[PDB]
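A short reminder: the numbers here are calculations on the coordinates, not readings from a lab. Please note: Cβ atoms are built from the backbone with ideal geometry, for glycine as well, and neighbour counts cover all protein chains shown.
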């Protein structure tokens with residue numbers, strides 16, 4: 001399923 | 001069973017003054033969109049884009065939704081970050097896209113894992129084939145590199161890519177396998193069109209085929225006409241299938257010397273056809 | 001930078017005059033993603049035009065399919081008009097039943 005994205 | 005892949009395409013688009021950033025996530029199994037999230041709604045939720053994803057129950061959707069909403073807010077953040085990285089007005093509209101996914105052989109093993117980012121349609125950062133080190137495209141992307149190095153994130157991601165990603169991929173595969181192997185054979189015909197003088201145009205049509213991938217050729221007595229053969233990009237018919245054509249200019253009265261060839265994975269064997277005058 | 005929309009206008013099925021069909025306007029290779037697409041019949045905007053969700057390609061460019069139902073005749077002209085930041089003026093592409 002979908003990932004959690006790191007802040008840029 | 002061929003290779004497989006599970007990828008997500010993410011778009012964050014700001015629009016200062018005019019509302020909240022429009023955020024979107026799209027999931028593809030073997031390049032078939034299967035789920036989608038669009039932040040432009042009163043109660044946005046993840047939704048099946050393939051009917052076969054409806055086997056998943058409410059818990060699956062809740063968990064996906066909540067992740068997406070967290071991403072969205074987080075992306076709203078990043079957009080501001082990038083204004084600063086790049087020293088830009090608060091005024092303009094900007095775009096962040098992300099592609100990330102995992103591709104596995106017919107034995108379910110990770111074959112390749114990846115994650116590339118783009119700012120305003122340009123490469124920003126990506127994850128090397130080694131799933132351990134990054135690659136910044138510009139100065140600004142190093143702030144983010146040196147930041148993800150110091151919170152150790154190339155590992156946290158590799159976990160997902162080798163772990164969660166592959167696992168779920170396999171689960172999705174089980175479910176939509178029947179409809180994923182789908183094949184639709186092109187139907188072909190040739191049309192005939194006038195040119196000035198003593199030339200005519202022969203156009204070889206392929207319609208209603210899926211997947212998109214196809215190849216059409218023209219042969220003068222069996223020797224392909226690589227040169228100045230005209231084609232259109234493959235295009236959706238709108239009903240799930242695709243269309244393409246190839247044409248060449250031949251001498252008037254010499255039409256029967258040319259053969260059109262159509263290669264598609266759906267065909268027991270490639271089509272061969274010719275301009276048929278009634 | 002901005003990418004310039006590329007456009008194709010074409011029926012779903014081989015057109016026969018008098019028979020209902022669907023006209024597509026397939027728009028690709030553009031960026032940024034905001035875009036305005038109208039389909040025109042005989043120089044006048046078509047009211048009911050449906051549009052697919054937007055998607056983007058491995059090179060970051062977006063693409064989208066607009067469509068409308070129609071019944072071709074020998075003399076009706078159809079076109080698709082696209083306004084986009086990358087282009088000083090809206091580009092119009094006429095439907096050619098041979099393409």
Query raised in the report: If we keep just the residues of region B:67-92 that are touching a residue at least 60 places away in the same chain (Cβ under 8 Å) and more than 19 Å from residue A:6 (Cβ to Cβ), which is farthest from the other protein chains (Cβ to nearest Cβ)?
Result: B:90
Report task. Considering only region B:166-189, state which residues are in contact with a helix residue (DSSP H, G or I) (Cβ under 9 Å, 6 or more places away or on another chain) and crowded, with 17+ Cβ neighbours inside 10 Å. Result -> B:172, B:173, B:175, B:176, B:180
Query raised in the report: Just for region B:99-119: of the residues that are crowded, with 17+ Cβ neighbours inside 10 Å and touching a residue at least 60 places away in the same chain (Cβ under 8 Å), which one is farthest from the other protein chains (Cβ to nearest Cβ)?
Result: B:104
Report summary line: The one condition residue C:81 fails out of (1) surrounded by fewer than 16 Cβ atoms within 10 Å (Cβ to Cβ); (2) more than 30 Å from residue B:200 (Cβ to Cβ) is (1)
Requested in this report: Please find, within region B:218-260, the residue that is farthest from the chain's Cα centre (by Cα) out of those that are assigned to a strand (DSSP E or B) and surrounded by fewer than 17 Cβ atoms within 10 Å (Cβ to Cβ).
Outcome: B:251
Report task. Go through B:56, B:64 for me and flag whichever is out of contact with any helix residue (DSSP H, G or I) (no Cβ under 9 Å at 6 or more places or on another chain) and facing chain A (nearest Cβ under 10 Å). Result -> B:64
Report task. Considering only region C:17-82, give the strands (runs of 3 or more DSSP E) lying wholly within it that have at least 2 residues that are out of contact with any helix residue (DSSP H, G or I) (no Cβ under 8 Å at 6 or more places or on another chain) and more than 13 Å from every other protein chain (Cβ to nearest Cβ). Result -> C:36-41
Query raised in the report: Which residue out of B:35, B:13, B:26 is surrounded by 14 or more Cβ atoms within 10 Å (Cβ to Cβ), out of contact with any helix residue (DSSP H, G or I) (no Cβ under 9 Å at 6 or more places or on another chain) and on the phi < 0 side of the Ramachandran plot?
Result: B:26
Query raised in the report: What is the one condition in (1) within 8 Å of another protein chain (Cβ to nearest Cβ); (2) within 15 Å of the chain's Cα centre (by Cα); (3) surrounded by 19 or more Cβ atoms within 10 Å (Cβ to Cβ); (4) closer than 24 Å to residue B:49 by Cα that residue C:10 does not satisfy?
Result: (4)
Report summary line: Counting only residues that are within 12 Å of residue C:8 (Cα to Cα), in contact with a strand residue (DSSP E or B) (Cβ under 7 Å, 6 or more places away or on another chain) and not in a strand (DSSP E or B), region C:83-98 contains a total of 1
Query raised in the report: In the set B:29, B:10, which member is within 20 Å of residue C:54 (Cβ to Cβ) and within 11 Å of chain A (Cβ to nearest Cβ)?
Result: B:10
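One line per residue, one yes/no per condition, for (1) touching a strand residue (DSSP E or B) at 6+ places or on another chain (Cβ under 7 Å); (2) within 19 Å of residue C:62 (Cα to Cα); (3) in a strand (DSSP E or B):
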| site | (1), (2), (3) |
| --- | --- |
| B:87 | no, no, no |
| B:91 | no, no, no |
| B:96 | yes, yes, yes |
| B:100 | yes, yes, yes |
| B:103 | yes, no, yes |
| B:106 | no, no, no |
| B:111 | yes, no, yes |
| B:118 | yes, yes, yes |
| B:124 | yes, yes, yes |
Requested in this report: Considering every residue within region C:57-65, establish whether at least one is more than 30 Å from residue B:92 (Cα to Cα) and in contact with a strand residue (DSSP E or B) (Cβ under 9 Å, 6 or more places away or on another chain).
Outcome: no
Query raised in the report: In this structure, is residue B:163 part of a helix (DSSP H, G or I), closer than 20 Å to residue B:103 by Cβ and away from chain A (no Cβ under 14 Å)?
Result: no
